[PDB]
Structures are given as C-alpha cells and as structure tokens.
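Below is one structure, written out as structure tokens; the observations come after it.
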Amino acid sequence: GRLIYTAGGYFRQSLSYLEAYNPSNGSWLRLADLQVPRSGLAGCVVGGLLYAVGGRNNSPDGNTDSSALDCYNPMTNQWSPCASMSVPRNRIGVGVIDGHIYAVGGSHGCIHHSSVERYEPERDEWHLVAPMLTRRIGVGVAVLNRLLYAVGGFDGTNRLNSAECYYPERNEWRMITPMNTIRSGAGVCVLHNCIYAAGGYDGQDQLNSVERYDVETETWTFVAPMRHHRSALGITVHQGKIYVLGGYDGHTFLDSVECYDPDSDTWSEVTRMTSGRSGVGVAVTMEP
Ligand SMILES: CCC[C@@H]1CCCCN1C(=O)c1cccc(-c2cccc(-n3ncc(C(=O)O)c3[C@@H]3C[C@H]3c3cn(C)nn3)c2)c1
Ligand SMILES: [Cl-]
C-alpha cells in the first residue's frame, strides 16, 4: 500500500508536520516532524525515499528561505539532511527525471529565480542546468515523457499564464502554449498524456478551475472545477486519480482534500487533513 505524504505547510506560522494518508482505509498517520519548519516547499520521491525541497520558515522569531534538501526513509521513520541547493528557493517547484530531482524557480527574499538545478542522489550533489526563460515563483512543475514542464507562477511583477518545457538532452527551455488562465501557486501534476493545472491565484481571486495540456495536441482544455477555490495547494497522483490537499481560499486555510476521477470528470471530497494548512509538499510512497 502506498500513502499520500504531506510535509510542512502554513497555518499562522510554517509547520513541521509529516502526515501520511491511506486512501485504502481513510486513515491519517503522524510521522517524524521535519527538522526545520517549512512552507512553500515541494515533495518528491526517488527510490522509495521522500524528499522535502526548499521552502521558507515563516516564524514569529524570523523568516528564513530554505535551500535545504531533506530525505525521509519510511523504513526508519527518520529524516536525514542532504546537500543544500545553490540558493534558497521558497515557493519552489520540483520534478523528477531518471532518478534526479529538478529544483525549479522560487524566491529568495525579493529575488525571483529563473535558475534551475539538478540533484543526483548517488553523488549527493546539486548542479545548475539551463535557466528557464522566465522568472517563476509559485511555479507548477510536472514530468511527462521524460520532459520537465514549468507552469505559471509569479515573475516578480505579474502572475503568469505562460508555461515552458525543458529538453534535458539539449539542456534547453522552450515556451509551450500558454494556459487559458493566469495561475500562480497552482497545483500541477501529470496524469496519462496530460499536464493538469488546478487552482492557483490569478492576481485577484483564488481559483477552482482546472485545465490540462495534451502534449500531442499542444492545447489546454478545462475539465470539471474543484469543489473548493484554492491557492498554495498540494497535489499528487495516487492510483490514477489526482488528489489536492489544503491551500488558501481568501478566507480559510483549508483542511479539504478532494480527488478527481478523469473517467467521470468529477471531483469529490475524500477526507480532511488533521488541520487546515497551505503551502504543503506532497508525494506518494510505501507505508512506513
Ligand atoms: C505567508 C502568508 C501569506 C500567504 C500568501 C497570501 C495568502 C495566504 N498565504 C498562504 O496561505 C501561504 C503560506 C505559505 C506559502 C504559500 C505559497 C505556496 C506556494 C506558492 C505561493 N505563491 N506563489 C506565488 C503566489 C502569488 O501570490 O502569485 C503565491 C500565493 C499563493 C498565492 C496567493 C495570493 N493570495 C492573495 N492568495 N493566494 C504561496 C502561501
Ligand atoms: Cl511565504
């Protein structure tokens, strides 16, 4: 059985929680806290290990952007530090290709990064790769057919509908078709042949809309909207369904977890997180 792991997040201050949800029975398990509270991070998995990447510790005693990479082993219930990134990256996006972690964009104070770097677990080393064509924080990242996509975000001045693709063997970014909606702090994932962008902030409102990019047609199509408007949501895929976790709706730090069934084009409520929060990192791996 595989669990949906939610790491960190924000309610009043940045959080250290690691909790795991089991779709097979509705249960939540609280696991070992992150060593350092963080929101605006990303989660990913490589080799059955959960990684927490970037973020920011928003705390009453100071706000510190994170260049940290930390590894959680479900077999031991222990977090271990890895090599830090070249730069702090709050409101980060990440994607995994060929067992390597790409860290994309994010902020360091008023610096909005276009830079991108790649982590190799076997060497515990980060190396920079070609930068994006656009500065993006709150960037959605996903991987399809061993290509890396950076979707929407905030460039320092404007929220973006634009998106771009990284071609690893050319070390090159190229724009793709823009979304039909400006989205910053959306949830972005892959399902089947499509990149999905769910929710986010358009500069005026938190969004419930959802659209998907078919790489074969190079077009974006809206699907059913989520039941809750949400920015700074966590998103992942478990057994062919998209799950979205928490976020912010202009009013509440959501505990809502919803899931999308692509065959029925429907969202449904599945569970509540143990407490409302935004800016989590989420990924899926084996039970502890
Ligand atoms: C730190 C509290 C303030 C924060 C931002 C305003 C709404 C409340 N709050 C959060 O709950 C929160 C906390 C921690 C992290 C994140 C977090 C995570 C990942 C991406 C982003 N991100 N990257 C770009 C943008 C943007 O503004 O363009 C965003 C903000 C989410 C977008 C938003 C703005 N507003 C009014 N509502 N939503 C933010 C959020
Ligand atoms: Cl923040």
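Throughout, numbering of the chain's residues begins at 1 and tracks the sequence. What's counted below: heavy atoms across the whole structure, side chains too, no hydrogens, waters or symmetry copies.
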_Side-chain heavy atoms nearer than 4.5 Å, only ILVMFWY residues, links allowed to pass through others: does that put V96 and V190 together?_
no
*State, with a plain yes or no, whether a side-chain heavy atom of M75 is found less than 4.5 Å away from one of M286.*
yes
*Does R277 make a cation-pi contact with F253, if we ask for NZ or CZ under 6.0 Å from the ring centre and within 45° of the axis?*
no
*What orientation do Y149 and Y213 show, parallel under 30°, tilted 30 to 60°, or perpendicular over 60°?*
tilted
*asked:* Please find the pair of heavy atoms, one from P168 and one from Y166, that lie closest to each other, and give the distance.
replied: CD-O, 3.3 Å
*Do you know the tightest heavy-atom contact between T285 and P74?*
CG2-CG, 4.0 Å
*Could you state the interatomic distance from CD1 (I101) to SG (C71), rounded to the nearest 0.5 Å?*
8.0 Å
*Nearest-0.5 Å distance, CG of residue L50 to SG of residue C44*: 7.5 Å
*Shortest non-hydrogen contact from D155 to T157?*
OD1-N, 2.7 Å
*asked:* What verdict does the side-chain contact (heavy atoms from CB on, under 4.5 Å) test give for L18 and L34, after you've listed the backbone C-alpha separation in whole Å, the side-chain angles of each residue and the deciding distance to 0.1 Å?
replied: CA-CA 7 Å; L18 177 69; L34 291 155; 5.6 Å; no
*Walk me through it: do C82 and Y51 pass the test side-chain contact (heavy atoms from CB on, under 4.5 Å)?*
CA-CA 9 Å; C82 305; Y51 292 85; 4.1 Å; yes
*Report yes or no: does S278 contribute a side-chain atom to a donor-acceptor pair with the main-chain N or O of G247 at less than 3.5 Å?*
no
_Any side-chain donor near an acceptor of the partner, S86 and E117, under 3.5 Å_ = yes
*Report yes if the side chains of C189 and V237 come closer than 4.5 Å at any heavy-atom pair, otherwise no.*
yes
*Could you tell me whether the side chains of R230 and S256 share a donor-acceptor contact shorter than 3.5 Å?*
yes
*Any chance CZ of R159 has more than 12 other-residue heavy atoms, nucleotides or ligands included, within less than 6.0 Å?*
yes
_Going by salt bridge (charged side-chain N to carboxylate O under 4.0 Å, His left out), name the pairs with one or both residues in residues 203-225, residues two or more places apart or in two chains._
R183-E211
*Check whether any side-chain heavy atom of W267 sits under 4.5 Å from a side-chain heavy atom of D261, and report yes or no.*
no
*Cluster link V143 to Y196, ILVMFWY, side chain under 4.5 Å*: no
*Taking the side chain as every heavy atom from C-beta outward, state whether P262 and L191 have any atom pair closer than 4.5 Å.*
yes
*asked:* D98 vs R118, test: salt bridge (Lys or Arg N to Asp or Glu O under 4.0 Å). Steps then yes/no.
replied: CA-CA 11 Å; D98 280 347; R118 177 180 128 296; over 6 Å; no
*With a distance cut-off below 6.0 Å to the six-membered ring centre and an angular limit of 45° from the axis, does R174 pair with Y167 as a cation-pi contact?*
yes
*Can you find a side-chain donor-acceptor pair between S27 and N25 that sits under 3.5 Å?*
yes
_Which atom of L233 lies closest to which atom of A198, heavy atoms considered_ = CD2-O, 3.6 Å
*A32 backbone acceptor or donor facing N77 side chain under 3.5 Å*: yes
*Would you say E164's side chain and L133's backbone share a donor-acceptor pair under 3.5 angstrom?*
yes
*Does the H113 side chain pair with the main chain of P88, one donor and one acceptor, at a distance under 3.5 Å?*
yes
*Over all heavy atoms of both residues, which pair between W220 and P178 is shortest? Give the atoms and the distance, please.*
CD1-O, 3.1 Å
*Quick one: are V284 and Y243 in side-chain contact, heavy atoms under 4.5 Å?*
no
*Which residue, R91, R89, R56, forms the salt bridge (charged side-chain N to carboxylate O under 4.0 Å, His left out) with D65?*
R56
*Can you measure from CG (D61) to CG (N58) and round to the nearest 0.5 angstrom?*
13.0 Å
*Looking at CD1 of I92 and OH of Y102, how far apart are the two atoms once the value is rounded to the nearest 0.5 Å?*
14.5 Å
*So, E258 side chain and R227 main chain: donor-acceptor pair closer than 3.5 Å or not?*
yes
*Taking atom CG of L29 as the centre, does the number of heavy atoms from other residues, nucleotides or ligands within less than 6.0 Å exceed 12?*
yes
*Spell out, yes or no, whether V282 and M273 are grouped together once hydrophobic residues are joined by side-chain heavy atoms under 4.5 Å, including indirect joins.*
yes
*Verify, without hydrogens or angle tests, whether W28 (side chain) and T274 (backbone) share a donor-acceptor contact under 3.5 angstrom.*
no
*For the hydrophobic clusters of this structure (ILVMFWY residues joined by side-chain heavy atoms under 4.5 Å, transitively), does one cluster hold both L147 and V151?*
yes
*Taking all non-hydrogen atoms of both residues, which atom of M85 and which atom of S66 are closest, and how far apart?*
CE-O, 4.1 Å
_Any non-hydrogen side-chain atom of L144 less than 4.5 Å from a side-chain atom of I195?_
yes
*Without swapping roles, check the side chain of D265 against the backbone of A224 for a donor-acceptor pair under 3.5 Å.*
yes
*Say you draw a straight line from CG of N22 to CD of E287; how long is it, rounded to the nearest 0.5 Å?*
6.0 Å
*asked:* I want to check something: taking the side chain as every heavy atom from C-beta on, are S231 and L207 in contact at a cut-off of under 4.5 Å?
replied: no
*Looking only at atom types and distance, does a side-chain atom of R136 sit under 3.5 Å from a main-chain N or O of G152, one as donor and one as acceptor?*
yes
*Assess whether atom CZ of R2 is packed by more than 12 heavy atoms of other residues, nucleotides or ligands within 6.0 Å.*
no
*Go through the steps for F154 and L160 under the test side-chain contact (heavy atoms from CB on, under 4.5 Å), then give the verdict.*
CA-CA 6 Å; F154 181 74; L160 300 170; over 6 Å; no
*Any chance the rings of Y119 and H100 have centres within less than 6.0 Å?*
no
*Does the pair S115 and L128 meet the rule for a side-chain contact (heavy atoms from CB on, under 4.5 Å), with working shown?*
CA-CA 7 Å; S115 67; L128 283 149; 4.2 Å; yes
*State whether the number of non-hydrogen atoms from other residues, nucleotides or ligands found under 6.0 Å of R123 atom CZ is greater than 12.*
yes
*Calculate, to the nearest 0.5 Å, the distance between atoms NE2 and CG belonging to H112 and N90 respectively.*
9.5 Å
*Shared hydrophobic cluster, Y260 / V257 (ILVMFWY, side-chain heavy atoms < 4.5 Å)*: no
*Does the side chain of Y248 reach to within under 4.5 Å of the side chain of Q206, using non-hydrogen atoms?*
yes
